[PDB]
Amino acid sequence: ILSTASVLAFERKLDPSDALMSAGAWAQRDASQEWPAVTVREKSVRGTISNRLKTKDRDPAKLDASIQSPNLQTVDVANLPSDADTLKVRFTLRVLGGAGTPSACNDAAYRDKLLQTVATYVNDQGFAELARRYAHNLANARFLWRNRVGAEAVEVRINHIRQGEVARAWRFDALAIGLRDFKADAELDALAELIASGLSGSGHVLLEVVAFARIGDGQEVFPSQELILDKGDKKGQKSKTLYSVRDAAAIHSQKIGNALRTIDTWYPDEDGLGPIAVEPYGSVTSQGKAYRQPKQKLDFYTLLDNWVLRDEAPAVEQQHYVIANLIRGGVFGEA
Amino acid sequence: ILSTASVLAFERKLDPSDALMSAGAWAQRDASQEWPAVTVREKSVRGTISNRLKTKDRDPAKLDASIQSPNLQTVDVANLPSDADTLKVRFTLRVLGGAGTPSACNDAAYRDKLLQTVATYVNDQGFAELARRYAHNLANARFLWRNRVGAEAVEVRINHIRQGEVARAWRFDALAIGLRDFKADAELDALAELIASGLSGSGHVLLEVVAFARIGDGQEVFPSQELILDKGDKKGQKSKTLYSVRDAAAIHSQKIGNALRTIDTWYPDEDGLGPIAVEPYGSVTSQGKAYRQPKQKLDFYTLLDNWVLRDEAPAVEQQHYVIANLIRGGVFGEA
Amino acid sequence: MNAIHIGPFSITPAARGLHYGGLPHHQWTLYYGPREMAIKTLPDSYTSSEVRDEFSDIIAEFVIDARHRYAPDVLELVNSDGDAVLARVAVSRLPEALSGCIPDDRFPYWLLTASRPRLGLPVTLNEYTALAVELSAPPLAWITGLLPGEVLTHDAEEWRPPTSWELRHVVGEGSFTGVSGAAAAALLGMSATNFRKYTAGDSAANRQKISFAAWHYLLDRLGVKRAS
DNA sequence: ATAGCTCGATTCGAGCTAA
DNA sequence: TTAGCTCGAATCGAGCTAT
């Protein structure tokens with residue numbers, strides 16, 4: 001009957017590194033290895049109430065009393081220096097083979113169907129579309145999440161590494177390649193076999209991904225934010241903390257991986273909004289609506305049952321999605 | 001039934017940088033790129049009892065005892081050099097655009113109708129009245145808050161920095177363009193479509209604003225103040241702390257952006273005060289009160305639901321207030 | 001074992017198990033609705049009333065924090081100096097005519113706020129009692145901070161009926177008021193079987209919604225709102 | 001006290017007329 | 001604002017249950 005195993009833990013492929021930030025100036029991007037790092041400092045903010053009220057009653061004295069004692073906060077803030085207008089973000093992406101092999105399972109019969117159905121998938125169509133689409137999110141600076149909304153010109157330079165030296169260098173203009181359309185380009189195509197060879201297990205791939213963005217002169221850069229333990233008084237609340245590795249602003253590695261995973265364009269709703277991240281139950285917390293509802297037969301879990309247990313193969317664009325949850329890893333299976 | 005969204009987080013437009021302050025003498029402002037920065041130094045003060053007493057400390061024995069036990073505290077002080085009478089503040093302002101699009105919004109139906117409402121506003125009239133009042137606050141040294149109340153001659157220079165170079169230059173007289181009325185000027189209107197293009201989203205735009213002010217020799221300059229953790233001794237209380245980035249006194253980014261936000265003249269109360277900032281519930285920190293209270297139905301939130309949900313659009317001057325608050329950005333929706 | 005439901009809280013166990021030491025063990029997870037507060041690994045030999053006692057202190061801390069951060073504003077009645085507090089009353093909303101005030105001698109009684117930038121209003125004892133009667137706060141008024149503003153509004157067009165989880169905040173054995181479903185039904189003058197349909201969850205067959213008058217009268221009788 | 005059910009009777013909302 | 005009326009849908013009480 002080939003029941004589903006209890007544990008389906010999968011190793012994460014396309015493993016990124018923490019993208020630390022450094023600051024500098026444009027046209028000096030070649031000798032940017034000695035650029036000063038972006039430090040995270042503290043500043044005090046004061047503000048009045050700007051959120052909605054309870055709206056049950058219309059007392060004016062209470063809202064005026066909130067202006068009598070404005071809230072005082074200290075927030076972690078990261079800014080470029082007054083002599084720098086370019087933000088440098090560098091991280092390394094490690095590409096691993098053996099996508100279909102689970103890290104932990106609970107049935108040898110179940111695994112042998114999984115490793116066979118991903119072999120028949122790769123033989124029919126290998127790691128070509130996903131590797132191409134994972135190349136798009138490295139081409140455009142999607143990992144520059146809020147550092148791309150108003151950049152004058154953001155440039156991505158990635159170098160393939162062998163033995164500790166460059167193998168082949170790619171140079172891209174991230175404004176040219178949009179965040180919506182998955183077009184075709186020769187440098188984008190040439191990057192695809194490198195990702196394809198690493199994903200198929202035929203070779204090792206290490207890429208050093210560098211992004212230079214024209215944020216502006218002394219403007220604000222936006223690293224990842226940490227949790228607030230709320231162990232201080234209401235005035236020194238420390239309401240915002242930013243992630244720094246060693247006195248240098250940095251972006252969480254899982255936030256970088258989320259930008260790479262944004263290749264899903266076959267969710268059941270209208271796809272003109274834009275790509276979403278490949279993820280079970282197609283859920284993104286920005287708009288708060290989860291595409292690929294399990295009530296519909298289009299989420300990752302039910303197709304994984306049809307594509308394996310009862311051998312009901314979906315459309316080939318969906319089989320790219322089912323392996324897209326396998327390549328990103330995850331703790332699957334019924335607990 | 002088109003209920004409002006629970007989360008309506010909006011990105012802020014018109015993002016300013018920290019305003020660095022350096023000092024010098026007048027008539028050398030054409031070559032002010034090597035002026036020494038206004039340094040932060042420390043001085044000690046003592047004062048007498050100048051506060052009201054709670055009907056018990058008014059006894060002559062108790063009052064004189066407090067004078068015999070003076071409050072010694074150190075304060076943070078910023079002054080110009082004795083040979084310098086000009087204060088310049090330099091910040092960069094970038095205009096983003098796409099003000100109608102929220103970062104987070106739950107109801108897709110509400111997002112489409114809100115985007116339709118913003119697009120309906122843009123077609124009727126663009127961001128011309130908005131940017132005219134925004135450039136008026138850039139024309140005067142309103143962002144030079146307390147260093148303008150006694151300025152003898154204050155002058156601003158605004159430069160359009162497109163490809164890291166001055167694409168178009170501006171020079172205004174801040175005292176002539178007072179902080180009371182929003183008149184029309186050909187040079188001000190020339191700046192108006194520069195921000196209006198940024199607010200509309202046609203192309204990237206970035207400005208540099210330098211405001212020279214005739215302060216006086218060794219006079220007191222007023223940067224933004226900080227919070228004190230209140231942990232040290234009462235003699236070294238540090239009752240005042242000012243903001244600095246690298247041994248140079250500076251003004252907070254949100255302090256500068258608040259002054260550029262000061263375009264709201266449409267609040268129902270009498271105009272003895274003048275323009276205020278466009279933030280919901282019309283809060284004025286100095287007066288401790290709030291114009292546009294929800295009781296008389298002229299705050300941001302009631303106008304937004306009237307414009308979007310039940311389709312009763314407000315007055316055209318009130319539509320300016322709603323979009324200006326939409327440009328201002330905030331965490332809207334039921335938190 | 002079974003998911004223990006304590007009012008708005010729900011201690012659900014992990015489907016899988018573990019063996020810490022040699023004894024059987026399970027991961028129990030405290031929930032405040034969709035919010036996760038704690039994971040505690042516990043043996044399988046513990047009864048439900050003992051896992052409840054194990055998770056009781058975190059619930060007590062949550063209730064203390066909720067009562068403190070949502071405490072109603074306190075008003076102070078003072079003499080013509082402002083030093084002696086003659087009477088204090090907690091109010092659900094401030095008086096309409098409050099402005100920034102420092103008491104003087106021309107009026108004997110002043111109604112000031114407890115916040116340090118003290119707003120105030122010159123009143124006599126009769127007007128002070130009128131304001132106290134109009135504006136008083138019920139003893140359990142802090143539970144309104146844990147409830148949405150659209151289920152507590154008095155406007156019928158903008159009112160939304162509370163869900164089952166929002167209803168568990170005020171009725172139930174482990175609720176914030178501590179009244180049973182039978183007592184709540186007796187307060188509304190209805191049968192307990194009909195109120196259990198209000199408090200029913202995940203049972204789509206025969207689940208009902210409370211009405212505007214019933215909800216607001218229940219909030220009146222429990223001491224949560226409208227008890228000025 | 002929790003949790004949930006069925007079944008016939010009563011209530012309930014949004015149409016409508018009628019004045 | 002008074003004074004009603006169908007019509008299907010949701011609610012109400014009082015029987016039972018289960019834990």
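Values below: every heavy atom of this structure, side chains too, minus hydrogens, waters and symmetry copies. By convention in this document, chain letters (A, B, ...) are assigned in the order of the sequence lines, proteins followed by strands, and residues within each chain are numbered from 1.
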Flag if over 12 foreign heavy atoms under 6.0 Å of CZ, C/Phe212
yes
Other residues, nucleotides and ligands only: do more than 12 of their heavy atoms fall within 6.0 Å of CD on B/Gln125?
yes
How far does the [atom1] atom of [N] sit from the matching atom of [M], given to the nearest Å?
N      : M      : atom1 : answer
E/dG4  : D/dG13 : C1'   : 16 Å
E/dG15 : D/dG4  : P     : 22 Å
D/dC16 : E/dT2  : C1'   : 16 Å

Are A/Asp305 and A/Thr302 close enough that a side-chain donor and a side-chain acceptor fall under 3.5 Å?
no
Compute whether any side-chain donor of one residue and acceptor of the other, for C/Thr193 and C/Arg196, lie under 3.5 angstrom apart.
no
Where do C/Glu166 and C/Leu147 come nearest, in terms of heavy atoms and distance?
O-CD2, 3.5 Å
Closest non-hydrogen atom pair, C/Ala87 against C/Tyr128:
CB-OH, 3.4 Å
Does a side-chain N or O from C/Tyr198 land closer than 4.0 Å to OP1 or OP2 of E/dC12, or not?
yes
Determine, for C/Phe55 and C/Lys40, whether the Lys NZ or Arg CZ falls below 6.0 Å from the six-membered ring centre while staying within 45 degrees of the axis.
yes
[X]-[Y] aromatic ring centre distance below 6.0 Å:
X        : Y        : value
A/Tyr291 : A/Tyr281 : no
C/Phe9   : C/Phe62  : yes
C/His19  : C/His25  : no

Given pairs defined as Watson-Crick or G-U wobble with both distances under 3.5 Å, what dot-bracket annotation applies to DNA chain E, with ( ) intrastrand, [ ] crossing, | other strand and . unpaired?
.||.||||...|||.|||.
C/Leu75 side chain reached by C/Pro95 side chain, heavy atoms, under 4.5 Å
yes
If we call a positive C1'-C2'-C3'-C4' torsion north and a negative one south, what is the sugar of D/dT17?
south
Sequence-distant partners of B/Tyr121, ring-ring contact (aromatic ring centres under 6.0 Å, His included), two or more places apart:
B/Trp307
A/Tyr321: which residues meet the ring-ring contact (aromatic ring centres under 6.0 Å, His included) condition with it, sequence neighbours left out?
none
Hey, can you pull the residues of residues 172-188 of chain C with a non-hydrogen atom under 4.0 angstrom from DNA chain E?
none
Give, ordered by number, those residues of residues 150-161 of chain C having at least one heavy-atom distance below 4.0 Å to an atom of DNA chain E; if nothing qualifies, reply none.
none
Find the distance [X]:[atom1] to [N]:[atom2] and express it as a whole number of Å.
X        : N      : atom1 : atom2 : result
C/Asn206 : E/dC16 : CG    : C1'   : 14 Å
C/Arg196 : E/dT17 : CZ    : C1'   : 11 Å
C/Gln208 : E/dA10 : CD    : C1'   : 8 Å
C/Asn2   : E/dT19 : CG    : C1'   : 10 Å

Which is true for [X] with a 4.0 Å heavy-atom rule: it touches a base, it touches only sugar-phosphate, or it touches nothing?
X        : answer
C/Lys197 : base
C/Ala205 : sugar-phosphate
C/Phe195 : nothing
C/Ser203 : sugar-phosphate

Of all nucleotides in DNA chain D that come within under 4.0 Å of a heavy atom of chain C, which is furthest toward the 5' end and which toward the 3' end?
D/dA1 to D/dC7
When you measure from the side chain of C/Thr177 to the backbone of C/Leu222, do you find a donor-acceptor pair of N or O atoms at a distance under 3.5 Å?
no
Between C/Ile210 and C/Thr193, just flag the one whose closest nucleotide in DNA chain E comes earlier from the 5' side.
C/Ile210
